[PDB]
Amino acid sequence: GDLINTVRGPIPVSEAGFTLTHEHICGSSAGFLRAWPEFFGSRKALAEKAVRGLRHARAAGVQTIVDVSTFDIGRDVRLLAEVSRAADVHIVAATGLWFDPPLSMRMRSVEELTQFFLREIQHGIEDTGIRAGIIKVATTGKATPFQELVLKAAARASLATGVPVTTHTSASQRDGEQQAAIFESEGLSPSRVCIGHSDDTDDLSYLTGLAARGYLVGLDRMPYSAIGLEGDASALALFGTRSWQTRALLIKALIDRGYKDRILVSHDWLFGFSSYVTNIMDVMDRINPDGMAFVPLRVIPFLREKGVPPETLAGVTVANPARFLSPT
Ligand SMILES: CCOP(=O)(O)OCC
Ligand SMILES: [Co+2]
Ligand SMILES: [Fe+2]
C-alpha cells in the first residue's frame, strides 16, 4: 500500500492499473475556461465530451490518466474532479509550468517556484485541497533562463516530496539532454524523470542515451499524424508527417534494445484546445475519433502482432507508470 494522489483523493498505487501518463482534459490558459467558457460551447459541453471520451478509454482498459496541465495550461482541477467521477477513471493532476508562464511566474526566483510547486503538491491546488501528483516542466530548444529556474525548482520539489517530474521537449532539438544535465546538477534521480514527446524524433542515439542513464522515455503522441492534411499548415506544424505506426515502432525499438522498463506511452490527447488555432479540435477528432482509447485499441495489438509479448506490454502500461508515480 504505497499511495498516489488523484483529483478524487488518495489511491493505492496498485489500483492505478493501465495508465496514460501524458494527457489533457483541456489544453487552455490560466483563467480562460472561467473567463470564456463559450469558447468551448460551454463548461457543460466540455465536461460531457471529456466524460464520453474517458468512458470510451475506460471500456478499452484504461483506468488512470495523468493530466499534465500546469497552471499555464489552464488546469481546472474542479473540472478534473468532475469528469473523473462521472467516467470512473482516475485522474492524477500536475503542478509545474509549461512554456506559457505569465509575468507573475516569470519574475520568480528558483526559491519561490519551489514554494509554488510544493504548495500544490503538499497543501492543495487553489482553495481545493486536491494535491498535484506529478511535476510538469518544459523547454522548446535551449532552455530560456526562466526555464532553467523552473527545472531546478521542479527538481527540488521532487526531492522534497518524492513526486516524479515529466517534461515537454522539442524532440528534434534533443532538449532531453540539457534537461537531464540541469536535473542531475540538482541531485535528482533520473528514474524520477520522464523525458516527454520523445516519439517526435526517430533519433535512437538520443533516446537510448537517455534510457541508458535511467530516464523514463515518454513516447506520448501516438495518434499525432497529419498524413492526408498537407494543405493544413497549422495541422502540419503540430501533427508532423510521420505515421502512428512509425511512432509505435519506437516502442518496439526500445524494447528490442533492452529498455522495456524505461518506456511510458500516452496520446497527449485532449477534449478541448484553446491554446492553438480555432477548430484544431475538430481536425483532431477526425484524425483520431478514438481519442484516448487509441493506444489500447490500435497501438497495443499492433505491438502484439509485431511479436511483443503480453507480459512486456503489461510492464509498459501498468508497471512503469506505477513505478514512476509512486512517491520515492
Ligand atoms: C496543452 C497543449 O500543449 P502541448 O501538450 O504542448 O500540445 C500538444 C497537443
Ligand atoms: Co507538450
Ligand atoms: Fe501535453
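What the table shows:
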read-out: Candidate set from segment 62-77 (those that are aliphatic (A, V, I, L, M) and in a loop (DSSP other than H, G, I, E, B)); member that is nearest to ligand 1 (Cβ to nearest atom); value: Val68
read-out: Test: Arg247 is within 16 Å of ligand 2 (Cβ to nearest atom), over 29 Å from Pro145 (Cα atoms) and in contact with a helix residue (DSSP H, G or I) (Cβ under 6 Å, 6 or more places away or on another chain); value: yes
read-out: Members of segment 240-276 that are more than 19 Å from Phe302 (Cβ to Cβ) and either assigned to a loop (DSSP other than H, G, I, E, B) or hydrophobic (A, V, I, L, M, F, W, C) (or both); value: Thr241, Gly258, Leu270, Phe271, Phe273, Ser274, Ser275, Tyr276
read-out: Search result, residues across segment 55-104 that are over 30 Å from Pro145 (Cβ atoms), within 16 Å of ligand 2 (Cβ to nearest atom) and of a type in the set (S, T, N, Q); value: none
read-out: Scope segment 78-119; condition part of a helix (DSSP H, G or I) and of a type in the set (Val, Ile, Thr); matching residues; value: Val83, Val110, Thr114
read-out: Hits in segment 280-325 (condition: under 19 Å from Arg52 (Cβ atoms) and in contact with a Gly (Cβ under 7 Å, 6 or more places away or on another chain)); value: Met281, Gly291, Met292, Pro296
read-out: Some residue of segment 36-47 being under 29 Å from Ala319 (Cα atoms) and buried (at least 17 other Cβ atoms within 10 Å of the Cβ); value: no
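Yes/no per residue for (1) in contact (Cβ under 8 Å) with a residue 24 or more places away in the chain; (2) in a loop (DSSP other than H, G, I, E, B); (3) in contact with a strand residue (DSSP E or B) (Cβ under 7 Å, 6 or more places away or on another chain); (4) farther than 23 Å from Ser84 by Cβ:
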site	(1), (2), (3), (4)
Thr278	no, yes, no, yes
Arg286	no, no, no, yes
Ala293	yes, no, no, no
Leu297	yes, no, no, no
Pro301	no, no, no, yes
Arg304	no, no, no, yes
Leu313	no, no, no, yes
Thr317	yes, no, yes, no
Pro321	yes, no, yes, no
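So basically every Cβ, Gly included, is an ideal-geometry build from the backbone, and we count neighbours across all protein chains shown. Here, each number is a calculation from the coordinates, and none is a lab measurement.
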